[PDB]
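Heads up: the structure comes next, in structure tokens.
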Amino acid sequence: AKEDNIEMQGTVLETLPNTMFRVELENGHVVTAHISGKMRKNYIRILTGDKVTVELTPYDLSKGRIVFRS
Amino acid sequence: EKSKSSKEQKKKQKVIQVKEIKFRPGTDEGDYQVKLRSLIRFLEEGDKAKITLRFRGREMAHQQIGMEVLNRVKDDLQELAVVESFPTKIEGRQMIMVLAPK
RNA sequence: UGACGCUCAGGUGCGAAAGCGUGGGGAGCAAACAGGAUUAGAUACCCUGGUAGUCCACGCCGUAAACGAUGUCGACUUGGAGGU
RNA sequence: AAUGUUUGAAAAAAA
Ligand SMILES: NC(=O)OC[C@@H](O)C[C@H](NC(=O)[C@H]1NCCC[C@H]1O)C(=O)N[C@@H](Cc1c[nH]cn1)C(=O)N[C@H](C(=O)O)[C@H](O)c1c[nH]c(Cl)n1
Ligand SMILES: [K+]
Ligand SMILES: [K+]
Ligand SMILES: [Mg+2]
Ligand SMILES: [Mg+2]
Ligand SMILES: [Mg+2]
Ligand SMILES: [Mg+2]
Ligand SMILES: [Mg+2]
Ligand SMILES: [Mg+2]
Ligand SMILES: [Mg+2]
């Protein structure tokens with residue numbers, strides 16, 4: 001019933017305070033992503049250079065949620 | 001009070017020690033500049049400078065980002081120091097660059 | 001003597017140390033500083049030195065955990081052991 | 001006495 005997200009791969013270009021990250025996506029746009037709750041709860045660390053899946057919203061293409069780290 | 005007054009001038013022979021500055025991948029600009037200013041001070045005074053870069057945990061994945069920092073210090077201290085040895089592999093969980101005074 | 005008292009905004013003065021001005025003084029001590037160490041680094045703690053200052057006069061500053069962290073004055077309300 | 005593994009999400013613990 002909720003509106004759908006846009007999943008997209010990207011590389012973490014820098015880490016920011018409190019589990020915030022710059023992530024350059026496939027399309028080349030740099031979004032300020034934050035960690036998912038599930039990844040926070042399960043303690044999956046994210047680092048500069050890590051390849052991440054990012055859920056984006058059409059309401060804002062400068063922001064995302066990192067849902068997976070590969 | 002005879003041989004000391006000769007051995008004083010023999011003691012004046014300066015004893016070049018190695019000064020260790022340890023970087024990380026994450027090291028920020030402001031802190032990089034402090035550590036750089038420290039390295040400048042050593043190499044100014046004719047002291048060798050061992051430059052470690054320590055990895056922790058899964059930072060061992062992204063080694064090249066560590067190499068960028070070591071490459072950068074070499075570049076910043078290009079005209080103020082020569083590279084006695086540049087690292088290749090991560091020995092232990094470290095990469096050591098010993099610089100030398102010009 | 002015969003209520004002349006208590007308190008007191010504003011006001012006035014006093015007010016550790018550091019500090020400031022001018023002129024003296026300077027043993028010891030010692031910010032800064034210089035060198036020696038230590039250390040991953042050591043702008044420190046440690047070591048050897050060491051300048052202002054610390055001292056005096058006069059003027060200035062007006063602050064301190066200027067603390068009993070307890071305003072001043074008066075009256076009343078069981079005891080015990082000390083000091084002066 | 002800057003000290004004394006990494007993983008964790010789709011299922012870890014020094015060995
Ligand atoms: N340098 C650095 O980045 O780290 C090393 C540092 O952690 C050494 C450590 N230092 C201390 O405790 C300081 N305490 C204050 C006096 C000076 C110093 O002593 C220490 O263990 N010291 C030893 C002596 C020493 C210095 N370098 C190598 N060894 C020491 O004897 N410390 C005593 C203690 O820990 O109780 C004590 O402090 C002391 C007595 N005499 C002296 Cl000097 N220090
Ligand atoms: K009055
Ligand atoms: K003096
Ligand atoms: Mg009064
Ligand atoms: Mg005084
Ligand atoms: Mg004076
Ligand atoms: Mg002294
Ligand atoms: Mg001293
Ligand atoms: Mg006050
Ligand atoms: Mg008070």
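Chain naming here is simple, since letters A, B, ... match the order of the sequence lines and numbering starts at 1 in each.
- Atoms CZ (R45(A)) and P (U7(D)) sit 9 Å apart, rounded to a whole Å.
- Listed by chain and residue number, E84(B) satisfy the side chain to side chain donor-acceptor pair (under 3.5 Å) test with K48(B) (two or more places apart in sequence, or in another chain).
- A straight line from CD of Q94(B) to P of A2(D) spans 17 Å, rounded to a whole angstrom.
- Under the salt bridge (charged side-chain N to carboxylate O under 4.0 Å, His left out) criterion, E20(B) pairs with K50(B), not counting sequence neighbours.
- Atom CD in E8(B) sits roughly 18 Å away from atom P in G35(C) (whole-Å rounding).
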Can you give each donor-acceptor pair under 3.5 Å made by side-chain atoms of residues 1-8 of chain B, sequence neighbours left out, with the distance rounded to 0.1 Å?
{"from": "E1(B)", "atom 1": "OE2", "to": "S5(B)", "atom 2": "OG", "distance (Å)": "2.7"}
{"from": "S6(B)", "atom 1": "OG", "to": "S3(B)", "atom 2": "O", "distance (Å)": "2.6"}

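- Residues from residues 50-68 of chain B with heavy atoms under 4.0 angstrom of RNA chain C: there are none.
- A salt bridge (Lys or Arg N to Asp or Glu O under 4.0 Å) check over residues 40-51 of chain A, counting only residues at least two apart or in different chains, returns the pairs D50(A)-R58(B).
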I'd like a table of atom pairs between the protein and nucleotides 10-12 of chain D - only N or O on both sides, under 3.5 Å - with the distance next to each one.
{"from": "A10(D)", "atom 1": "OP1", "to": "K38(A)", "atom 2": "NZ", "distance (Å)": "3.3"}

Query raised in the report: If pairs are Watson-Crick or G-U with both distances under 3.5 Å, what is the dot-bracket string of RNA chain D, marking crossing pairs with [ ] and pairs to another strand with |?
Result: ...............
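- Secondary-structure stems of RNA chain C, taken as three or more successive Watson-Crick or G-U wobble pairs (i with j, i+1 with j-1) under a 3.5 Å distance threshold, comprise C:19-24 with C:55-60, C:33-36 with C:46-49.
- Applying the ring pair (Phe, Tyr, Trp, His ring centres under 6.0 Å) rule to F23(B) yields the partners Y32(B); only residues at least two apart in sequence or on another chain are considered.
- For the pair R93(B) CZ and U5(D) P, the interatomic distance rounds to 10 Å; values are reported in whole Å.
- Partners of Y43(A) according to the side chain to side chain donor-acceptor pair (under 3.5 Å) rule, which considers only residues two or more places apart in sequence or in another chain, do not exist here.
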Please list, pair by pair, any protein nitrogen or oxygen found under 3.5 Å from a nitrogen or oxygen in nucleotides 40-42 of chain C.
{"from": "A40(C)", "atom 1": "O3'", "to": "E20(B)", "atom 2": "O", "distance (Å)": "3.0"}
{"from": "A40(C)", "atom 1": "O2'", "to": "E20(B)", "atom 2": "O", "distance (Å)": "2.4"}
{"from": "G41(C)", "atom 1": "OP1", "to": "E20(B)", "atom 2": "N", "distance (Å)": "3.1"}
{"from": "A42(C)", "atom 1": "OP1", "to": "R41(B)", "atom 2": "NH2", "distance (Å)": "2.9"}
{"from": "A42(C)", "atom 1": "OP2", "to": "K19(B)", "atom 2": "NZ", "distance (Å)": "2.7"}

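- The side-chain contact (heavy atoms from CB on, under 4.5 Å) search around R54(B) returns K22(B), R24(B), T52(B), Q94(B), not counting sequence neighbours.
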